[PDB]
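Worksheet: the structure to be examined is printed underneath.
All of this is worked out from the model, or read from it or from the source named; nothing here is a laboratory result. Here the Cβ positions follow ideal geometry from the backbone for every residue, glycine too, while neighbour counts run over all protein chains shown.
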Amino acid sequence: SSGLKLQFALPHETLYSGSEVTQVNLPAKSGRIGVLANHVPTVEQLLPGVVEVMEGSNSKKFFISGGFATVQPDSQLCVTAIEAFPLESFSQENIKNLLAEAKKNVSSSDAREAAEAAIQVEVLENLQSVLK
Amino acid sequence: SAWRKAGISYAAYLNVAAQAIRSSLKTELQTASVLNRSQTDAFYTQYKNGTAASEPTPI
Amino acid sequence: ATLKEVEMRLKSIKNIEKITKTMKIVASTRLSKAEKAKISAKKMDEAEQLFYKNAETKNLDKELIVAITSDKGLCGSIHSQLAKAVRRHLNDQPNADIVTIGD
Amino acid sequence: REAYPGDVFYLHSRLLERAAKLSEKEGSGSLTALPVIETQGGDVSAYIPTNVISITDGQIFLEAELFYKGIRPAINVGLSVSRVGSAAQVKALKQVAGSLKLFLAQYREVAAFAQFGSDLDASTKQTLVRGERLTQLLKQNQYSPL
Amino acid sequence: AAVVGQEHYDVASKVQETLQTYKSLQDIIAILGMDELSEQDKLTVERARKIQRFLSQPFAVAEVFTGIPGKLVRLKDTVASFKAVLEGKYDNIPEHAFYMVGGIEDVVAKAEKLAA
Amino acid sequence: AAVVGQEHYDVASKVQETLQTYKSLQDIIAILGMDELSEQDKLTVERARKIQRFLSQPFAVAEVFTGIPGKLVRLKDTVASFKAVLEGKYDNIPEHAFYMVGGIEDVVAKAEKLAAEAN
């Protein structure tokens, strides 16, 4: 059909469920992909970035902590991820940098801690784009 | 960067992302529900073939 | 069968009636809580199993069995029902590994 | 019954009815009677307490179970009534204590909920805060009237 | 209170309340088990069985019965020992190291002795 | 044991142990249900309720109440029958087939009757 059925899903609360929509923008491993009304059936793993949902109304902007975008072949796009985000409220640099230096300090520890530390370094430096 | 090689599995990768977004929460709206999402108390005991045991480790 | 024995047992069973009534109400409150988590699991799991419906991923031809029960007891005919389903499926593959979640 | 004599009710009914409240024609004199019945093992089915309860105007029913919680004087308000009641009270205490009966009658319905987790709404935990603290108010040391 | 002092009276009150709450919780635990209580409830049950078996005592007359020499404990040690176990200073010690014991000194000595 | 034989005495002791276990566990069954037992004792309760309905016997004189002709079961078949049900040879038989029966042969036969009826 014209438009698209969007099904946005989180483990605590699914935000959109079968909503008609025009454009979505979402970060995949191959880069930032926008999906419109019909699309190739495509499974894209979602690196933690920003998802923008444009409708007949405006475009709402979310930070997203990663997951899977899946285009059901009847052009129904589902997003299955973890974290939602408001306009800008949920992130603050005082909690970011003061923890981020400690996380870079944990990145020089033993291997299991340092790997998760480097992951959180990458996520906070992605959040720097939300700092914008 | 080579977390798939050196560190966590992919579900655990996004779980560390979830704790990072929940750790960089707004302290005004970091509610008790989000802190409930980060309350890990499960214990695992790797039994052996002779029904042996390890100590319960906090995952 | 004195008066004292019957009065003591009547007092203990009036306590048991009151305590089971309170436990029923508290379990109903947690059930109204956990319906939210059940819906948030199912409406999200549809968005990934619908792929597995369309991408038909039927497997063919050393197995892992994982069960999800409680740590506590006192829920009735659950703790032996799922064990019996493990038994039916497990007599077919007696060499299969098992990871239980729940005491 | 229990080897008491026959007319023992006629004993106590001749005693307690000597208290009264005289009219303004006689001079408005007044005698007020507080008898005490030592019951046995938590009973009102015995013969003397049945007779005195059938005479008098209610109970200040006291219990050991409420005494070992430290509630002193251990007054069981779920049973202790007074059929004269809100007719003969100070109006000052009347105009605020009229809800207190309702709060404690609510709290004794629910107070089994107070020995569990935090799995209640505010609609019950409110009444539990009120009930615990109002029951805690009724403690007082002996020989200290207010 | 005005005869034995406010310390002794309040210790007696807290022991009496703890034992009462234990006696009332004995209706729940006989069917539902320990798993249904709160944390302060399980703490209260453990403390109550502590204070209960702390009242056990060997007797100089009953030495033929238990084979144990008679522990005779004075008052001023006893009030402070109950003050400690009410405040929870010995919650770590298991239950069985309180049975048939005199004062808190022999409590700690039997607690170390039963480690082996 | 020195009067009726050691086997007879041991069978009688095991039967009274199982039924005493049932009468002790009576109250928890009455309150919560059969589901809140252990897994040895739940088998014990189930075998006990087998043996109770197996203790019934259609009398030759009470034939008009039950509609069943009389059953005169000798001693040795009864001894072997209770020994068989105690040793666990029949634990999957439904309980109602034990009811109002003669010996264990008629238990097998009546379980076969109800098997052919319920199917």
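Provide a single number: the residues in segment A:33-42 that are of a type in the set (S, T, N, Q) and closer than 29 Å to B:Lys26 by Cβ.
Of the residues in that region, 0 qualify.
I need a count of the residues in segment D:39-68 that are farther than 19 Å from C:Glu7 by Cβ and surrounded by fewer than 10 Cβ atoms within 10 Å (Cβ to Cβ).
Residues meeting the conditions: 0.
Identify all residues within segment F:74-112 that are of a type in the set (A, V, I, L, M, F, W, C) and surrounded by 16 or more Cβ atoms within 10 Å (Cβ to Cβ); write none if there are none.
Those that are of a type in the set (A, V, I, L, M, F, W, C) and surrounded by 16 or more Cβ atoms within 10 Å (Cβ to Cβ): F:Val79, F:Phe82, F:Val85, F:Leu86, F:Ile93, F:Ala97, F:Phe98, F:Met100, F:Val101, F:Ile104, F:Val107, F:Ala111.
Hey, any hits in segment C:21-29 for a residue that's under 30 Å from A:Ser17 (Cα atoms), in contact with an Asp or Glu (Cβ under 6 Å, 6 or more places away or on another chain) and away from chain A (no Cβ under 14 Å)?
Yes, because at least one residue in segment C:21-29 is under 30 Å from A:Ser17 (Cα atoms), in contact with an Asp or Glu (Cβ under 6 Å, 6 or more places away or on another chain) and away from chain A (no Cβ under 14 Å).
Is segment A:28-39 home to any residue that is buried (at least 16 other Cβ atoms within 10 Å of the Cβ), in the same structural domain as A:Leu4 (by CATH), not small (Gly, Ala, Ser) and not in a loop (DSSP other than H, G, I, E, B)?
yes
Are any of the residues in segment B:4-11 within 14 Å of chain A (Cβ to nearest Cβ) and under 23 Å from A:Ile95 (Cα atoms)?
For segment B:4-11, residues within 14 Å of chain A (Cβ to nearest Cβ) and under 23 Å from A:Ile95 (Cα atoms): absent.
Does segment A:44-67 hold any residues that are at the interface with chain B (Cβ under 10 Å from one of its Cβ atoms), assigned to a strand (DSSP E or B) and buried (at least 16 other Cβ atoms within 10 Å of the Cβ), and which are they?
Correct list: A:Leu46, A:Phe63, A:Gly67.
Just for segment A:77-88: of the residues that are touching a strand residue (DSSP E or B) at 6+ places or on another chain (Cβ under 8 Å) and either more than 8 Å from chain C (Cβ to nearest Cβ) or under 12 Å from A:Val50 (Cβ atoms) (or both), which one is surrounded by the fewest Cβ atoms within 10 Å (Cβ to Cβ)?
So, considering only residues that are touching a strand residue (DSSP E or B) at 6+ places or on another chain (Cβ under 8 Å) and either more than 8 Å from chain C (Cβ to nearest Cβ) or under 12 Å from A:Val50 (Cβ atoms) (or both), the one surrounded by the fewest Cβ atoms within 10 Å (Cβ to Cβ) is A:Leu87.
Yes or no: segment A:15-23 includes at least one residue that is touching a strand residue (DSSP E or B) at 6+ places or on another chain (Cβ under 9 Å), closer than 24 Å to B:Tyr13 by Cβ and surrounded by 15 or more Cβ atoms within 10 Å (Cβ to Cβ).
Scanning segment A:15-23, I find at least one residue that is touching a strand residue (DSSP E or B) at 6+ places or on another chain (Cβ under 9 Å), closer than 24 Å to B:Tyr13 by Cβ and surrounded by 15 or more Cβ atoms within 10 Å (Cβ to Cβ), so the answer is yes.
Scan segment A:97-115 residue by residue and report those that are in a helix (DSSP H, G or I) and more than 11 Å from chain B (Cβ to nearest Cβ).
A:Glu101, A:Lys104, A:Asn105, A:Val106
Which of the residues spanning segment D:95-125 are more than 24 Å from the chain's Cα centre (by Cα) and among the charged types (D, E, K, R)?
D:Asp119, D:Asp121, D:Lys125
Which of the residues that make up segment F:40-51 are surrounded by fewer than 14 Cβ atoms within 10 Å (Cβ to Cβ) and not in a loop (DSSP other than H, G, I, E, B)?
The one that is surrounded by fewer than 14 Cβ atoms within 10 Å (Cβ to Cβ) and not in a loop (DSSP other than H, G, I, E, B): F:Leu43.
Taking segment D:81-94, which residues are among the hydroxyl-bearing types (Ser, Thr, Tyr) and either within 14 Å of chain E (Cβ to nearest Cβ) or exposed (fewer than 13 other Cβ atoms within 10 Å of the Cβ) (or both)?
Once the filter is applied, which keeps residues that are among the hydroxyl-bearing types (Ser, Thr, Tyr) and either within 14 Å of chain E (Cβ to nearest Cβ) or exposed (fewer than 13 other Cβ atoms within 10 Å of the Cβ) (or both), segment D:81-94 yields only D:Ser86.
Please verify whether segment A:43-62 includes one or more residues that are under 20 Å from B:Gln30 (Cβ atoms) and either assigned by CATH to the domain that holds A:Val123 or of a type in the set (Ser, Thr, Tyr) (or both).
No, the conditions are met nowhere in segment A:43-62.
F:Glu39 - would you say it is out of contact with any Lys or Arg (no Cβ under 8 Å at 6 or more places or on another chain) and closer than 30 Å to C:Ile13 by Cβ?
Taking the combined requirement at face value, the residue satisfies it.
Restricting attention to segment F:70-104, and to residues there that are more than 13 Å from the chain's Cα centre (by Cα) and not basic (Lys, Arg), which single residue is farthest from F:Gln40 (Cα to Cα)?
My answer is F:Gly70.
Of all residues in segment C:58-80, which are more than 12 Å from every other protein chain (Cβ to nearest Cβ), in a loop (DSSP other than H, G, I, E, B) and loosely packed, with under 12 Cβ neighbours inside 10 Å?
C:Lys58, C:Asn59, C:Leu60, C:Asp61, C:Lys62, C:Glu63 - these are the residues of segment C:58-80 that are more than 12 Å from every other protein chain (Cβ to nearest Cβ), in a loop (DSSP other than H, G, I, E, B) and loosely packed, with under 12 Cβ neighbours inside 10 Å.
Residues that are within 14 Å of chain C (Cβ to nearest Cβ) and in a helix (DSSP H, G or I): does segment F:52-69 have at least one?
No, segment F:52-69 contains no residue that is within 14 Å of chain C (Cβ to nearest Cβ) and in a helix (DSSP H, G or I).
Show the residue pairs that are 6+ apart or on different chains and have beta-carbon atoms under 7 Å apart, the first residue being within segment D:107-119 and under 14 Å from C:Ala27 (Cα atoms), the second being of a type in the set (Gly, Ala, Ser).
Hits for this filter: D:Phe116/E:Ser38; D:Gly117/E:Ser38.
For segment E:2-39, which residues satisfy the criterion of being out of contact with any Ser or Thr (no Cβ under 9 Å at 6 or more places or on another chain), aliphatic (A, V, I, L, M) and not in a helix (DSSP H, G or I)?
Scanning segment E:2-39 gives E:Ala2, E:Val3, E:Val4, E:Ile28.
For segment C:37-57, state whether one or more residues are loosely packed, with under 10 Cβ neighbours inside 10 Å, more than 8 Å from every other protein chain (Cβ to nearest Cβ) and either polar (S, T, N, Q) or closer than 30 Å to A:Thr70 by Cβ (or both).
Scanning segment C:37-57, I find at least one residue that is loosely packed, with under 10 Cβ neighbours inside 10 Å, more than 8 Å from every other protein chain (Cβ to nearest Cβ) and either polar (S, T, N, Q) or closer than 30 Å to A:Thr70 by Cβ (or both), so the answer is yes.
Please determine, by comparing only the residues of segment B:12-51 that are surrounded by 10 or more Cβ atoms within 10 Å (Cβ to Cβ) and of a type in the set (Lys, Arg), which one is nearest to the other protein chains (Cβ to nearest Cβ).
Only one residue tops the list, namely B:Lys26.
Report, by residue number, each residue of segment D:116-130 that is surrounded by 12 or more Cβ atoms within 10 Å (Cβ to Cβ) and small (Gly, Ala, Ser).
Passing the criteria: only D:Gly117.
Here is a list: D:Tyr10, D:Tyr4. Which entry is loosely packed, with under 14 Cβ neighbours inside 10 Å, among the aromatic types (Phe, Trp, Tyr) and not in a loop (DSSP other than H, G, I, E, B)?
D:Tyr10
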